[PDB]
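Data block below; observations after.
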Amino acid sequence: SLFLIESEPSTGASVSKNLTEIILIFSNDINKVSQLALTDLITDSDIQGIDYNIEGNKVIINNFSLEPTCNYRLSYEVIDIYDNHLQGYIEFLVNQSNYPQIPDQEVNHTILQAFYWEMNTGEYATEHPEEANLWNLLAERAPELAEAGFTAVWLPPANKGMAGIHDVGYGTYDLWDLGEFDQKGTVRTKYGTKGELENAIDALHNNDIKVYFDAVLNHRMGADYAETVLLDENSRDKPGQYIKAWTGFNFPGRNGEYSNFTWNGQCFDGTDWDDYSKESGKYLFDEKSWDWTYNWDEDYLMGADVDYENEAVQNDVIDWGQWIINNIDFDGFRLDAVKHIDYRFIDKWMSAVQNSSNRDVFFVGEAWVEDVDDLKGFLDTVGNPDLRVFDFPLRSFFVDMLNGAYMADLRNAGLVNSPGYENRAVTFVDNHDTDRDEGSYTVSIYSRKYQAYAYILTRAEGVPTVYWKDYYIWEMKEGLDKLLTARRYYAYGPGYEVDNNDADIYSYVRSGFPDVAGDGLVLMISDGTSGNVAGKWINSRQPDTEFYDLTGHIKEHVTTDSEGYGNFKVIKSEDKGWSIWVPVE
Ligand SMILES: OC[C@H]1O[C@@H]2O[C@H]3[C@H](O)[C@@H](O)[C@@H](O[C@H]4[C@H](O)[C@@H](O)[C@@H](O[C@H]5[C@H](O)[C@@H](O)[C@@H](O[C@H]6[C@H](O)[C@@H](O)[C@@H](O[C@H]7[C@H](O)[C@@H](O)[C@@H](O[C@H]1[C@H](O)[C@H]2O)O[C@@H]7CO)O[C@@H]6CO)O[C@@H]5CO)O[C@@H]4CO)O[C@@H]3CO
Ligand SMILES: OC[C@H]1O[C@H](O[C@H]2[C@H](O)[C@@H](O)[C@@H](O[C@H]3[C@H](O)[C@@H](O)[C@@H](O[C@H]4[C@H](O)[C@@H](O)[C@@H](O)O[C@@H]4CO)O[C@@H]3CO)O[C@@H]2CO)[C@H](O)[C@@H](O)[C@@H]1O
Ligand SMILES: OC[C@H]1O[C@H](O[C@H]2[C@H](O)[C@@H](O)[C@@H](O[C@H]3[C@H](O)[C@@H](O)[C@@H](O[C@H]4[C@H](O)[C@@H](O)[C@H](O)O[C@@H]4CO)O[C@@H]3CO)O[C@@H]2CO)[C@H](O)[C@@H](O)[C@@H]1O
Ligand SMILES: [Ca+2]
Ligand SMILES: [Ca+2]
Ligand SMILES: [Ca+2]
Ligand SMILES: [Ca+2]
Ligand SMILES: [Ca+2]
Ligand SMILES: [Ca+2]
Ligand SMILES: [Ca+2]
Ligand code: NA
Numbered sequence: 299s300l301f302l303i304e305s306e307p308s309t310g311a312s313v314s315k316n317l318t319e320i321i322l323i324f325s326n327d328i329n330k331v332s333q334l335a336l337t338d339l340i341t342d343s344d345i346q347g348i349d350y351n352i353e354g355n356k357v358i359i360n361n362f363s364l365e366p367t368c369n370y371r372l373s374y375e376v377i378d379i380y381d382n383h384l385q386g387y388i389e390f391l392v393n394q395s396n397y398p399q400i401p402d403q404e405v406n407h408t409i410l411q412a413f414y415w416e417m418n419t420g421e422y423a424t425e426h427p428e429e430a431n432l433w434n435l436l437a438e439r440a441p442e443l444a445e446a447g448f449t450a451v452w453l454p455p456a457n458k459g460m461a462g463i464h465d466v467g468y469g470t471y472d473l474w475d476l477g478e479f480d481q482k483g484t485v486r487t488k489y490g491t492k493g494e495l496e497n498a499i500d501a502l503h504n505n506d507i508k509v510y511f512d513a514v515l516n517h518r519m520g521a522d523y524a525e526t527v528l529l530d531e532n533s534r535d536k537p538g539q540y541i542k543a544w545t546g547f548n549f550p551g552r553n554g555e556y557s558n559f560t561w562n563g564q565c566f567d568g569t570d571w572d573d574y575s576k577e578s579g580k581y582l583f584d585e586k587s588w589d590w591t592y593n594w595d596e597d598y599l600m601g602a603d604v605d606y607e608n609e610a611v612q613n614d615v616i617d618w619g620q621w622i623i624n625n626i627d628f629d630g631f632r633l634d635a636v637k638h639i640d641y642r643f644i645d646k647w648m649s650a651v652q653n654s655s656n657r658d659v660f661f662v663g664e665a666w667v668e669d670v671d672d673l674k675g676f677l678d679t680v681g682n683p684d685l686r687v688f689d690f691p692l693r694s695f696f697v698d699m700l701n702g703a704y705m706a707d708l709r710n711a712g713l714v715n716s717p718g719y720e721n722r723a724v725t726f727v728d729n730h731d732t733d734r735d736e737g738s739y740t741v742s743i744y745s746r747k748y749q750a751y752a753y754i755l756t757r758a759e760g761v762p763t764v765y766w767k768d769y770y771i772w773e774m775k776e777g778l779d780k781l782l783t784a785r786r787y788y789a790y791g792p793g794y795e796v797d798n799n800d801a802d803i804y805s806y807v808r809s810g811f812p813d814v815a816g817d818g819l820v821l822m823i824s825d826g827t828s829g830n831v832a833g834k835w836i837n838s839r840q841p842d843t844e845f846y847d848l849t850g851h852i853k854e855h856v857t858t859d860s861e862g863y864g865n866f867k868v869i870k871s872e873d874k875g876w877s878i879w880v881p882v883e
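So for the sequence shown, the numbering used here puts the first residue at 299; every next one is plus one.
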């Protein structure tokens, strides 16, 4: 049977105006091309002078000159070598070639979560061997990351972990060993050596991209030795009993370089394993107490739990964070499990690190709290104005959307919309905990994921994060790149909600800067599935201006009137239910 195997470009693709040919590849060798046309869908003219050439089962069409921003359809009719006839078409959109000129100091900020759980495991290792050396790979990709829009990269924890070469990096062993010493069975971390890391940092900075460290400060695991520890009488398990606790860390492969501090029982409030009885529980150590946290009794999570009331421990961890910034030249931190750590210490440390250099260091805590008011309360409890947090409250709306949400309520969802708190929000759709193969803590955002990135990426407040697994592994890049273009070049000036959202459609306006030509945008996202195009009368804030949809989904333009209003459009489907309308000039 006759049918199109594939094409270049693929249907729905966005291409350069420098594209010279289109190739269609069919299932049988071709005999005739009876009909063929390349149509500009906006002015409805077929381009004259196009040419073609048959090479067995492929057909190559050329001899045209594409216009930036236009939408095109290539129509065909072919007859194969068995006298089968086939009628079809592909369509596409041509990138803009003169984008708005946004001054450096004002370009939007965007972050890449540069990892996922299963990297270099299973079939991931097979299909993506480049990811066996991530530090090397980032140095390599830095230029194209910069071209994509990214201004920062959050790295996985870069220090040695208890699982050695297999530690995704949360099993924290030695913070001062960035893949440089023979510890835990490897010299390198899972991601590469210290050298490679330093090299990656330079490359990234070379292309104007910031580098954040994923600081895991809550616990330690992988002790060099065990000690006999008496448990406090108000311990929840085995009160007043002697246990054998893995609490001795001397880091022998490192031999005192950078810091000669060593760890024992007196550096921890407790642990979750007793090697006499071989039994888990939650074991508080004699005369220790859990540190002050936002919610009651949330200091213990896993591992030997660090005692941040201990001054010698406080002082080493403050030194390390100054080193990461001023010596190894990182630009900021993600704070892991930030709600299980003495909030007095998080403020003290953030402040000591920040005051230590003139660069304006950047801090985002993982405080996994899904109500906005709880999360506000957390940020008020810590009391450090530099602390931003991931917007788990907003992601809860994206989980709602999996089976249908009330789309109008996006006007008020997340920290990113709490007056007084909007710019402390780091917004995101998934991550290594929310989307993982086995053992995941929640359901991933497996449907309407593009609608969700389109929302965070176009928004005037917060700083959005793209998940590596989404961009490179799940095959969403082509789509994501169009939304990164929107953010890089168009998502500027005031934001405006509109007055006609509903159960199924949310729209939003960026007016553009008033002294930059050609910027601004109108977003429409939808949870509709009816399969049809739908319009909304919106004020764009740009009178008498021609707009087009840079997603390529709608093949019309919209010209605003003397007040700025136009009837902008979206497709009601899971799969294409996002459109970003921007100016043609
Ligand atoms: O297949 C088993 C195991 O394999 C892998 O563990 C590695 C690990 O990655 C290596 O670093 C090394 O471990 C060393 C430590 O570096 C060293 O400090 C010490 O470890 C002690 C721990 O500090 C302490 O927690 C305790 O471990 C208990 C543990 O708390 C219990 O929960 C139970 O372990 C279970 C694991 O939790 C579970 O995930 C799995 O283990 C894997 C692990 O995922 C992987 O990283 O199953 C086990 C239960 O079968 O029991 C243990 C004790 O029985 O005490 C340990 C010392 O006993 O010493 C270890 C070396 O023994 O090597 C391991 C093994 O390959
Ligand atoms: O182009 C089609 C679709 O594009 C987008 O889908 C994306 C998802 O948003 C990504 O998250 C990922 O999907 C993963 C998913 O994350 C992962 O858990 C697993 O899916 C399970 C899922 O957990 C489970 O709840 C159940 O429903 O079955 C699934 C099947 O395994 O694997 C998915 C990958 O297959 O990648 C997809 C595809 O790119 C967009 O969200 C959709 O709107 C669109 O249809
Ligand atoms: O040290 C490295 C590990 O920690 C990191 O991620 C973990 C979180 O920091 C930790 O808080 C915990 O998260 C749980 C929440 O504390 C808990 O509240 C719950 O979330 C609720 C939510 O608050 C509620 O409103 C909602 O409706 O339901 C949720 C759960 O049903 O679950 C959270 C997940 O357990 O554990 C985190 C995940 O491991 C690192 O990023 C992680 O990779 C490391 O292992
Ligand atoms: Ca051309
Ligand atoms: Ca803790
Ligand atoms: Ca304590
Ligand atoms: Ca500073
Ligand atoms: Ca729902
Ligand atoms: Ca709806
Ligand atoms: Ca403007
Ligand atoms: Na503690």
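Where a beta carbon is used, it is the ideal one built from N, C-alpha and C, also for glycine.
Sorted by position in the chain, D567, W588, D589, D597, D603, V604, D605, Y606 make up the residues whose C-beta lies under 6 Å from a heavy atom of ligand 11.
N682 carries a coil assignment under DSSP once its states are collapsed to helix, strand and coil. Taking a contact to require three or more Cβ pairs closer than 8 Å, the stretch 560-572 and the stretch 473-487 do not qualify as touching. If you check the C-beta of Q620 against ligand 7, you find no heavy atom less than 6 Å away.
Rounded to whole angstroms, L502 and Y787 show a C-alpha spacing of 21 Å.
Looking only at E585, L782, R785, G826, the smallest Cα-Cα distance to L700 is reached by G826. Here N418 is near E429, since their CB atoms are less than 7 Å apart. Taken in chain order, the whole beta strand (DSSP E) runs of length 3 or more contained in the stretch 546-604 are 566-572, 577-582, 602-604. At a threshold of 6 Å, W594 does not count as near ligand 1, since its beta carbon sits no closer than that to any of the ligand's heavy atoms.
For the 7 Å CB-CB criterion, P454 and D512 form a contact. Beta-carbon to beta-carbon, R686 and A723 are separated by about 7 Å, close enough to satisfy the 8 Å threshold. The beta strand (DSSP E) runs of length 3 or more contained entirely in the stretch 733-810 are, from start to end of the chain, 761-765, 803-808. In the DSSP assignment, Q385 falls within the beta strand (DSSP E) that extends over 383-392. Secondary structure of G477 (DSSP, three-state): coil. Under the three-pair Cβ rule at 8 Å, the stretch 371-380 does not count as touching the stretch 737-755. Relative to ligand 9, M822 has its C-beta separated by 6 Å or more from all heavy atoms. In the DSSP assignment, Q411 falls within the unbroken beta strand (DSSP E) covering 409-411. For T341, no pairing in a beta bridge is given by DSSP. The three-state reading of DSSP puts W835 in strand, counting E and B together.
In terms of CA proximity to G601, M460 leads the group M460, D873, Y765. Taking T367 as the centre and dropping the five residues before and after it, the same chain places the C-beta of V392, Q394, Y846, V882 closer than 7 Å to its C-beta, in chain order.
Look at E306 here: in three-state DSSP terms it is strand. These are the residues, in chain order, with a beta carbon less than 7 Å from any non-hydrogen atom of ligand 8: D698, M699, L700, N701, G702, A703. For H638, the distance from the CB to the nearest heavy atom of ligand 5 is below 6 Å. Contact annotation, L529 with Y581: C-beta distance approximately 6 Å; criterion of less than 8 Å satisfied. As the crow flies, the alpha-carbon of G675 is around 40 Å from that of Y422. The stretch 441-457 makes contact with the stretch 775-787; the number of CB pairs closer than 8 Å reaches 3 or more. Boundaries of the alpha helix (DSSP H) harbouring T424: 420-425, taken from the DSSP string. In terms of CA proximity to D472, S557 leads the group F413, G538, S557, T526. Comparing alpha-carbon positions, the option among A665, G681, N799 lying closest to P691 turns out to be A665. In summary, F413 is buried, with 16 or more beta-carbon neighbours lying within 10 Å of its beta-carbon over all protein chains present. Pairing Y790 with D817 gives a Cβ-Cβ distance under 7 Å. Assignment of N504 by DSSP, reduced to helix, strand and coil, places it in the helix class. The stretch 820-871 contains, as complete beta strand (DSSP E) runs of 3+ residues, the segments 831-837, 844-847, 855-857, 863-869 (chain order). Pairing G490 with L708, the inter-Cα distance amounts to about 41 Å. By the Cβ test, the stretch 863-882 is in contact with the stretch 834-843, since at least three Cβ pairs between them sit closer than 8 Å.
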